[PDB]
Amino acid sequence: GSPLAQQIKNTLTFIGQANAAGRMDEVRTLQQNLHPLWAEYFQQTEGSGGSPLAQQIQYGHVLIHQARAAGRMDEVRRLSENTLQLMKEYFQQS
Ligand SMILES: C[C@@H](c1ccccc1)P(=O)(O)Oc1ccc2c(CS(=O)(=O)O)cc(=O)oc2c1
Ligand SMILES: [Zn+2]
């Protein structure tokens, strides 16, 4: 894949590994690492006409930022879980 796609894949794997161990501080760090990588990747795909599965992920990503900033902690938890799963499945299409 692209180098950026591999960076995202690796970072998703790390988030899953941290989640498995219950290391919530490391999950937070790794989600923050994912943030700029996904943002850049997504806009690259948009510059070449777009992917509906990518668009779906990004829609959820925006909703997550809106929920988190508003303190809507239940909506953040649900949306993060579902969107990170959509991204794992997307990048498993390799
Ligand atoms: C889950 C990630 C994602 C990444 C790509 C797609 C879908 C979800 P994300 O939403 O981008 O990851 C974050 C970002 C920021 C924070 C903050 C800091 S602030 O902006 O809230 O001040 C704090 C925090 O606890 O977690 C974050 C997670
Ligand atoms: Zn983000």
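Up top is the structure.
Shown numbers run from 1 along every chain as its sequence is written, which may differ from how the entry numbers residues; residues without coordinates are omitted from display. Numbering of ligands from 1 and lettering of chains from A proceed in the order in which they are written. The side-chain figures draw on all heavy atoms in the structure; neither hydrogens nor water molecules are used.

Draft legend 1. Structural detail: the site of ligand 1. Taken together, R28, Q31, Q32, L34, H35, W38, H61, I64, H65, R68, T83 and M87 make up the full set of residues adjacent to ligand 1. A distance of 3.4 Å separates an oxygen atom of ligand 1 from a polar atom in the backbone of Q31. What qualifies as a polar contact is a pair of N or O atoms within 3.5 Å, subject to a donor-acceptor requirement within protein and to the restriction that residues adjacent in sequence count only when both atoms come from side chains. Between an oxygen atom of ligand 1 and a side-chain N or O atom of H61, the distance comes to 3.2 Å. Every accessible area reported is derived by Shrake-Rupley at a probe size of 1.4 Å, with residue values counting cover from the shown protein chains alone. Within the complex, 73% of the 600 Å² of free accessible area of ligand 1 lies under protein. Ranked by the residues each element gives to the shell around ligand 1, the list is headed by helix α2 (residues 24–46), at six residues. Residues of the shell around ligand 1, tallied by class, amount to four nonpolar, six polar and two charged. Working definition: residue near molecule or strand if any one of its non-hydrogen atoms lies within 4 Å of it. Only DSSP runs of H or I covering at least 4 residues are called helices, and only runs of E covering at least 2 are called strands; the numbering of each starts at the N terminus. In this classification, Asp, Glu, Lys and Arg are treated as charged, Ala, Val, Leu, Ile, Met, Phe, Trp, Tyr, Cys and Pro as nonpolar, and every other residue, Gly included, as polar.

Draft legend 2. Focus on the environment of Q66. Position of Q66 relative to the elements: it lies in helix α3 (residues 52–70). Accessible area is worked out with a 1.4 Å probe on protein chains only. A residue is then buried under 20% of its type maximum, exposed over 50%, and partly exposed in between. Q66 sits in the partly exposed class, given a relative accessible area of 48%. Separated by 10 residues in the primary sequence, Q66 and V76 place their C-alpha atoms 8.6 Å from one another.

Draft legend 3. Region of interest: the side chain of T11. Its place among the elements puts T11 in helix α1 (residues 3–20). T11 gets classed as buried once you look at its relative accessible area, which sits at 8%. Filtering out sequence-adjacent residues up to four positions away, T11 remains in contact with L30, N33, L34 and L37. The contact definition used throughout considers only heavy atoms, calling two residues in contact when any of these lie within 4.5 Å.

Draft legend 4. Summary view of the packing of aromatic side chains. Put simply, two rings from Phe, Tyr or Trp (the six-membered ring, in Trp's case) pair if the centres are within 6.5 Å, and we call them stacked under 30 degrees between planes, edge-to-face over 60, tilted for the rest. Under the definition given, this model contains seven aromatic pairs. Plain terms: the ring middles of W38 and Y41 are 5.6 Å apart, the flat faces sit at 35 degrees to each other, and that makes the pair tilted. One end of the pair, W38, and the other, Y41, are both in helix α2, three residues apart, so they sit about a helical turn from each other. On the accessibility criterion, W38 (1% relative accessible area) is buried. Owing to a relative accessible area of 12%, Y41 belongs among the buried residues under this scheme. By way of ring pairs, the aromatic residues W38, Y41, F42, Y90 and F91 are connected into one cluster.

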